[PDB]
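The sequence shown runs 1781 to 1838, 1848 to 2825 under the authors' numbering.
Don't be surprised by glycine CBs; every beta carbon is placed ideally from N, CA and C.
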Amino acid sequence: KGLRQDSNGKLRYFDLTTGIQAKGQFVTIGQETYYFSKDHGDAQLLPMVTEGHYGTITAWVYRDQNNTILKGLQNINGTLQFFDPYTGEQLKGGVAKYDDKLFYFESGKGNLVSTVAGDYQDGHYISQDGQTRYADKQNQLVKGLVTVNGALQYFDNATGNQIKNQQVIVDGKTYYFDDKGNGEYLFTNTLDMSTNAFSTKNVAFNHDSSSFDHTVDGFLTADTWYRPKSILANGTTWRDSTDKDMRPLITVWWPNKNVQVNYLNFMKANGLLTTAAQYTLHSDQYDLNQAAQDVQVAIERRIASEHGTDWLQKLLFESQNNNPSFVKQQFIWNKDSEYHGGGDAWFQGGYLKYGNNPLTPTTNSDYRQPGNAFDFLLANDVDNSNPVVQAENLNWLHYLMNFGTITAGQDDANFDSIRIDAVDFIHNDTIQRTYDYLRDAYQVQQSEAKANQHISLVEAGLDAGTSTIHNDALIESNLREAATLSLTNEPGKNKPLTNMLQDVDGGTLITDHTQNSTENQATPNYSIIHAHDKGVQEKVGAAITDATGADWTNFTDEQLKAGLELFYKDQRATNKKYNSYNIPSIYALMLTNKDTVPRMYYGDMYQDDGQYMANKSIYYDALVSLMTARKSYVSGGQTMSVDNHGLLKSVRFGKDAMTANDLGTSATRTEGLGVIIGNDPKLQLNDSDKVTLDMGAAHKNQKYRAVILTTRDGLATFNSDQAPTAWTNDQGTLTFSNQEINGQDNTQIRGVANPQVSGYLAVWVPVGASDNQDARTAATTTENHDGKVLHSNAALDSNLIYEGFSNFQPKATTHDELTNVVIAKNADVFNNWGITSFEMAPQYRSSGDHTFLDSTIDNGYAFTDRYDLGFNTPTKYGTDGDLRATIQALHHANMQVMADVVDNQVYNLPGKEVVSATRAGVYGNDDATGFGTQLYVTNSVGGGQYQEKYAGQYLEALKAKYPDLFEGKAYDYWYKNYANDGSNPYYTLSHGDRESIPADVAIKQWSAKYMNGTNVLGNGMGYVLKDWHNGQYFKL
Ligand SMILES: OC[C@H]1O[C@H](OC[C@H]2O[C@H](OC[C@H]3O[C@H](O)[C@H](O)[C@@H](O)[C@@H]3O)[C@H](O)[C@@H](O)[C@@H]2O)[C@H](O)[C@@H](O)[C@@H]1O
Ligand SMILES: OC[C@H]1O[C@H](O)[C@H](O)[C@@H](O)[C@@H]1O
Ligand SMILES: [Ca+2]
Ligand code: NA
């Protein structure tokens, strides 16, 4: 019966539905909020506070009309809040005492949402019958919803067992308790539905799909409209519904009390309810339900006047006044309930991992195992463990490796080799099976002659254990990381150059430079300093954010232009804020070190403030001189040491001389070279000190000339013997000092700071090379017996890879500026530098969707249709015709051409499905968050025209030609183990067994059953509608 006076005139409250008296609680009645005492249940009016503003102190506070700071409990704008009785500081995510009871104030807005049974500081946790429990000061188990050392926690009432990683309903409120048992309020549940005659008319007409819309896979969403049994025409006259009548579900049913309350308040604010009544989480459910029915009256009147429901679509489901829509204002329907971020959420706010549910047969999977160290990274994660997907990956690989043959009958327009993008993020079985395809197709395992015609690489170091077990592909050396410790930093911030003497990945030796006189011992590797991503994309990103405020993954053509201006001006200065120091030095190491394939980065030679190859960097001439000299001179053994002045001294002996005492051939005399590098721009030698290079026994009493000398303003570069000269002594030693040699400028050793060097750099070669001297070693057809595909020897070291793009290239404004056009035109330039393998950008059409950097600058890594390499309209790089022509031109200039194989993910799939989801990080690890595990509407279905045309088209032919690829197979791989006690990671030999795969199922469009998961989409934990009282999903 509601608010009732007793025989002494005091007010008491009885629940309008149950008749149960309110004691120790707050209730909003009409306009007022009261507290009812826990003893007799007597009313205390809590005065509505209306004027005032939320402020701060040197901590939120609230200030009244006089600007005074409020203390204790306060009824502000239909919520109850608590402010410290002295500080005035607002309580958020904690308890306060009132009427000698504990009430909890939630962490988002500090609103009173519940009662807590007790507050504990002085007990202790115990473990008991395999659970965690908490004992009070009397050693008595504590039960229920409590705070403990300030954390909200829950102990099962029957047993005392602590609840961890669960959503729990307690006294009609829903909370989540994390992996440590620490809790947060989520929402207040509705009590129960109006079961009146009015409500029975609002019931769905039937459970057919025709009666509901904005559904996905038979599930309802927050957007769903439905056909009720009856309609209250114009607010007054019930009639049967027709097939044309639809109303929003959310005008009649709410997932929780917060949304129902917000709904009433929103509708009142938009003129659909005339009342002074206040609607709060302490309103009686009966009154909330009646109010919603009165709103319907006003809704139906406006439907009659307007002859339609479009106004109502806009009112609830679109932004009005640049506010989010009503739906998006609600916690359970926006990203707040998805708990984005965390240390393992590397991109896009983190991830949702797909699982199974009896209600989702079409999105369930028996697979989804990561089969590698990482799992998620970007967009829609492909499930490379699924056998159908493994076959598709073979199909696509075949396509790329025969691209010209397939698309135009042009057999000289095919890719020769691959890069495996994000190799550690895809299942090992698909990597292994890929390598078998290359063995089948090209017989790479047979000899270095075959392997070296198809030099592939992966985006990882020694961690890529399927690529290192049989060295099927190059892995990245540690040069980049080492150089980032000792060379790239500003003065005062580099470590000593002694870290350059050995190439070590987490304590495992890749190669030792100090006295390297052997062959086929090092792990075949590539060496870099920069790539399109590595050491670049976040520094440009930082200049873009500084010059314009834009976020590094999402900006305009015009903000980028501004960032790039600042970036190149900084690149060209001695004192650099965004740019690496000592870039030519690092290249000198890359280009002279033994047992590596160097990879040149396009962006180190050319600037993105111009079109492709238009603007040379400040480093261009030094890098050309080094590539030139490498081709002419670099061969034989190596030595490396760091002297007492901190200088790194590196020598290559020349062809066929492996040690400093070998003579080699008469060819050796004019081969070999020496490099001196320092990282101390203030280096000064005294007048007696010498710096020596021990050129070896083939090089006694010999004239040498400079390739590179350090100058005051830069670097002097020489591509002929017309250069400053110096002589070895009768031991083959070159000697330098703080004086010029024969008065020649820049032949002395001293530290310098200028835009190209911070420390010292000089490179010296023997005088007298013939015109077209070439120090490189051809591969042989000698059969391999050791089980390895690649071998680190003079023939492999003779290769040179060029990464032929940057992320930040501008869009081409003419056909002639298109990357693919310009590459083709300049093919001979790359051949003359000694490039043997041209690594082209990923050629796939960009999704364009701006959800990551890759789909904002359209680099080819973010795509929807992996078969579309520029058909009809060009990619960023050209059309399919331009690509064929590029691959041909490169092939005619004696290069192989590398396909960037991107198996990890697909972007921007428009068709929606419902899948079970949990929050996860890059490792594929479940995150313990308030989202829990929920059915989720995913953007998972699509592909495009070329996928439809080509996917699966090759598999029956492939299985006829290479049946081994479709079988199961046992294999071995190296596995990287981490130690807990701080010592180095160590490798163990793991065994795998890939499954057999079918040839007769095509993936003509992607769908969720072939995916592991998705980046978070912001729909909310409760966008797919269910009964939150029992967890039961609505389904048609
Ligand atoms: O002028 C200050 C403030 O006024 C409105 O918001 C009122 C709001 O203020 C506090 O909390 C707001 C905000 O604080 C943290 O960021 C929370 O985590 C957020 O979820 C929360 O929205 C106060 O404690 C609340 O009780 C009160 O309702 C404006 O809307 C604010 O944006 C503005 O900053
Ligand atoms: O504080 C120490 C921890 O002890 C136990 O491990 C409990 O699970 C946890 O709630 C508590 O935080
Ligand atoms: Ca993956
Ligand atoms: Na090929």
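- Following the DSSP letters along the chain, one finds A2087 inside the alpha helix (DSSP H) bounded by residues 2074–2095.
- Within its own chain, the residues whose Cβ lies closer than 8 angstroms to the Cβ of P2176, once the five positions on either side in sequence are excluded, are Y2156, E2784, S2785, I2786, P2787, listed in chain order.
- According to DSSP, residue pairing for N2543 in a beta bridge involves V2546.
- The beta carbons of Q2074 and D1981 sit closer together than 8 angstroms.
- Taken through DSSP and simplified to helix, strand or coil, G1907 comes out as strand.
- C-alpha of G1782 to C-alpha of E1812: approximately 13 angstroms in a straight line.
- In this structure, DSSP gives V2325 a state outside helix and strand, which the three-state scheme calls coil.
- According to the DSSP assignment, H1913 belongs to the beta strand (DSSP E) that extends over 1913–1917.
- Cβ-Cβ distances below 6 angstroms link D2229 to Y2751 in the same chain, with the five nearest sequence neighbours on each side left out; the list follows chain order.
- Below 8 angstroms, enough C-beta pairs join the stretch 2664–2676 and the stretch 2629–2643 to call them touching: three or more.
- At least 8 angstroms separates the beta-carbon of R2494 from that of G2623.
- In this structure, the straight-line span from the alpha carbon of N2450 to that of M2484 is close to 10 angstroms.
- Between ligand 2 and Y2725, a heavy atom-to-CB distance of less than 7 angstroms is absent.
- When rounded, the separation of the alpha-carbon atoms in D2322 and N2596 is 8 angstroms.
- Between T2255 and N2217, the C-beta gap is smaller than 8 angstroms, which places the two residues in contact.
- If you ignore the 5 residues before and after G2097, its C-beta comes within less than 8 angstroms of no other C-beta in its own chain.
- Separation of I1915 and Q1951 (C-alpha to C-alpha, rounded to the nearest whole angstrom) is 10 angstroms.
- Under the three-state reduction of DSSP output, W1849 falls in the strand class.
- The beta carbon of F2619 sits closer than 7 angstroms to those of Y2591, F2627, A2682, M2684, all from its chain and outside the five residues before and after it, given in chain order.
- According to DSSP, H1833 shares a beta bridge with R1852.
- Assignment of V2178 by DSSP, reduced to helix, strand and coil, places it in the helix class.
- By the beta-carbon neighbour count (other beta carbons within 10 angstroms, threshold 16), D2384 is buried.
- Annotation for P2373: the continuous alpha helix (DSSP H) segment containing it runs 2372–2381.
- Note on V1992: under 16 other CB atoms within 10 angstroms of its CB, so exposed under the neighbour-count rule.
- The three-state reading of DSSP puts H2780 in strand, counting E and B together.
- In this structure, ligand 3 has no non-hydrogen atom nearer than 7 angstroms to the beta-carbon of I2792.
- When beta bridges are read from the DSSP output, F2652 appears opposite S2635.
- Taking C-alpha positions only, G2453 is separated from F2755 by approximately 49 angstroms.
- Rounded to the nearest angstrom, the Cβ distance from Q2085 to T2040 is 6 angstroms, consistent with a contact under 8 angstroms.
- In this structure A2202 does not touch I2530 by the C-beta definition: roughly 52 angstroms separates them, more than the 8 angstroms allowed.
- Using a C-beta cut-off of 8 angstroms, the stretch 2300–2309 makes contact with the stretch 2427–2441, since at least three inter-stretch Cβ pairs fall below that distance.
- Remark: the C-beta of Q2234 is outside contact range of ligand 1, defined as less than 7 angstroms to any heavy atom.
- A straight-line Cα-Cα distance of about 40 angstroms links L1791 and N2023.
- With a threshold of 16 other beta carbon atoms within 10 Å, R2208 meets it and is buried.
- Pairing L1826 with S2108, the inter-Cα distance amounts to about 35 angstroms.
- Residue pairing of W2027 in beta bridges, as defined by DSSP: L2021.
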